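Before any comments, here is the structure.
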2 protein chains.
Amino acid sequence: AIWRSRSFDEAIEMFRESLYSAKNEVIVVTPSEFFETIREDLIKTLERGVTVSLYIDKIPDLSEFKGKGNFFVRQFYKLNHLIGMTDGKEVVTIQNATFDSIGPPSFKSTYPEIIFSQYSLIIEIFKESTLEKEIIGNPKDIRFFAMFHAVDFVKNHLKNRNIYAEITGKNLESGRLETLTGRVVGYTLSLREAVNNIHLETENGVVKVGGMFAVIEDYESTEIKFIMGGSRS
Amino acid sequence: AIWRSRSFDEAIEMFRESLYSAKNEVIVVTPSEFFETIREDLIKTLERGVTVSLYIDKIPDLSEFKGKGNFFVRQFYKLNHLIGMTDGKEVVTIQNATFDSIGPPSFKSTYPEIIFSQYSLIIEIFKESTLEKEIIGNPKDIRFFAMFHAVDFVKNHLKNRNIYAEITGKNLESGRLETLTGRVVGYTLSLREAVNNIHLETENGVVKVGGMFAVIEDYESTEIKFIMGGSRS
Ligand SMILES: OC[C@H]1O[C@H](O[C@H]2[C@H](O)[C@@H](O)[C@H](O)O[C@@H]2CO)[C@H](O)[C@@H](O)[C@@H]1O
Ligand SMILES: OC[C@H]1O[C@H](O[C@H]2[C@H](O)[C@@H](O)[C@H](O)O[C@@H]2CO)[C@H](O)[C@@H](O)[C@@H]1O
């Protein structure tokens, strides 16, 4: 479906309703003007164990976020739209919110063509951003739907800590859904062309797990859980 | 509508059919692998007086393009999808074409939510690109649908040449369609936040004309024609 509105209030309610449904990760791109509007909906999302991956033009006071969950903040100056993408399944977009908050066009959709287009947009923003904050409140259960965020996390931590994974994804040879477990032993992150995957050692050998829309890897996944080595002991 | 395919051949035919309908401008983002596939469809588009704004990871041999029309090429390393957006009205996208050309998911749509998402994607690519070629074969009739491309052109030429315009667009106060004529006397291009407009001197004073989805300007337009000063004499 596509749901449409010209009420900022209605759109923000749809945004909140979308975040409330999240099980793994929400990616939020927001003008800093609207951080206070969504701050508590962030907090409540983190408190369910869902990852929040925020993009914002100025880093706010994040005192309140201490220990609340798994939270990543990247600085990107500047997108004038509020975007939320939940579990890679649904997006809510408020267009040009910086300039009209009020009556802007907004939409919510699960259509894969819209998700592809926005996934691609978010990856360009990712390339154009800098990581400013990472809080890993739950190192036994670090969830992602976006493999490029998962791989960025691997890149920053693998040299110092072992990282285990549970992944549900599509076997690109057979087309069937599988659940894999094992140890992350490497990764590919070719930033400029947006190729990204983890190399996961399983009982069947080391396989490559790509993200949404993957082609070259052995698996495609939007359901990723990492477990830091030693965290469960 | 949304049209979908898993045939590269079918998708390329849809891409060609979309370009064939263009009246003002086509934006094409292509891996360089596919330039030869679309080269002649570029040429034929230019020969109708339509602007081609190409993004590509490596600049090809463009000998053949000499004098053919109004052609802009920007280098961007690298997008793995073929995207064509025609007149701001329709997009065709072939996902991950670099890796599968063959059976990739492709789509064609006129839905404004898809156009908004891809317009936004293309603007990020624009920010991340460098202009490598500009050929102005028809200086009396330089057409655009994308105001950020039109403003980039103004930025590079206004100091050296007068530039006149004919614009059809929506008056953002009245909501009605108008046709405006006059002289371009300035512009706004705030690259990092993607604000872009021309300042057009009309018989009613100097007005700001923004592009698709504009809010802060006096007009929104996807139907822009520039005429270089002295070109008609
Ligand atoms: O199998 C190759 C990669 O495919 C996808 O990456 C795409 C992404 O879907 C798209 O939004 C973006 O614009 O381009 C990249 C690369 O072409 C997977 O998400 C990746 O994990 C794969 O590496
Ligand atoms: O009126 C402000 C600007 O609105 C639009 O620009 C948007 C664009 O639609 C969107 O795709 C992009 O991501 O952000 C920009 C800026 O918020 C018009 O196209 C512009 O011409 C206006 O300046």
Side-chain angles (χ1 to χ4, degrees), chain A residues 29 31 78-81 83 88 93-100 104-105 112 115-127 144-151 169 172 187-198 208-222 224, chain B residues 29 31 78-81 83 88 93-100 104-105 112 115-127 144-151 169 172 187-198 208-222 224:
Chain A
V29 186
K78 175 177 178 182
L79 202 72
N80 291 306
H81 321 121
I83 293 170
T93 298
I94 308 184
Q95 303 175 10
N96 268 168
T98 301
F99 305 120
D100 181 7
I115 300 296
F116 176 79
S117 299
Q118 293 201 6
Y119 197 81
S120 300
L121 170 64
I122 294 166
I123 286 171
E124 298 305 319
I125 294 170
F126 168 80
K127 292 163 55 180
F144 293 99
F145 79 80
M147 184 61 78
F148 58 96
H149 286 162
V151 167
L172 295 182
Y187 64 91
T188 298
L189 182 54
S190 302
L191 283 291
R192 291 278 296 275
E193 68 161 315
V195 167
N196 56 277
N197 58 57
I198 59 175
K208 296 184 175 176
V209 186
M212 205 158 2
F213 313 110
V215 171
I216 67 182
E217 288 89 3
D218 299 306
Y219 290 84
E220 171 277 314
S221 181
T222 55
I224 299 145
Chain B
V29 186
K78 175 177 178 182
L79 202 72
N80 291 306
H81 321 121
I83 293 170
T93 298
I94 308 184
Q95 303 175 10
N96 268 168
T98 301
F99 305 120
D100 181 7
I115 300 296
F116 176 79
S117 299
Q118 293 201 6
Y119 197 81
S120 300
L121 170 64
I122 294 166
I123 286 171
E124 298 305 319
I125 294 170
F126 168 80
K127 292 163 55 180
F144 293 99
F145 79 80
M147 184 61 78
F148 58 96
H149 286 161
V151 167
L172 295 182
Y187 64 91
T188 298
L189 182 54
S190 302
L191 283 291
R192 291 278 296 275
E193 68 161 315
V195 167
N196 56 277
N197 58 57
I198 59 175
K208 296 184 175 176
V209 186
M212 205 158 2
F213 313 110
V215 171
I216 67 182
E217 288 89 3
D218 299 306
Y219 290 84
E220 171 277 314
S221 181
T222 55
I224 299 145

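So that the names make sense, note that chain A is the first sequence line, chain B the second, and so on, each numbered from 1. Remember, it's 1-based here, ligands and their atoms both numbered in the order they're listed. The analysis underlying the following values was restricted to heavy atoms, covering all of them including side chains, and did not include hydrogens, waters or symmetry mates.
Taking the six-membered ring where the residue is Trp, B/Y119 and B/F145 present tilted rings, their angle falling between 30° and 60°.
No donor-acceptor pair under 3.5 Å is formed between the side chain of B/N196 and the backbone N or O of B/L189. Under a 3.5 Å cut-off, the side chain of B/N96 and the backbone N or O of A/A214 do not form any donor-acceptor pair.
Judged as a side-chain hydrogen bond (donor to acceptor under 3.5 Å, both in side chains), and not counting sequence neighbours, the contacts of B/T93 are B/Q118.
To the nearest 0.5 Å, the span separating CE on B/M212 from CD1 on B/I115 amounts to 6.5 Å.
Put simply, the residue from A/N197, A/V209, A/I198 that forms a side chain to side chain contact (heavy atoms under 4.5 Å, CB included) with A/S221 is A/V209.
Every protein residue with a heavy atom nearer than 4.0 Å to ligand 1 is included here: A/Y119, A/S120, A/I123, A/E193, A/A194, A/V195, A/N196, A/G210, A/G211, A/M212, A/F213, A/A214, A/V215, A/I216, A/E217, B/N80, B/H81, B/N96, B/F99.
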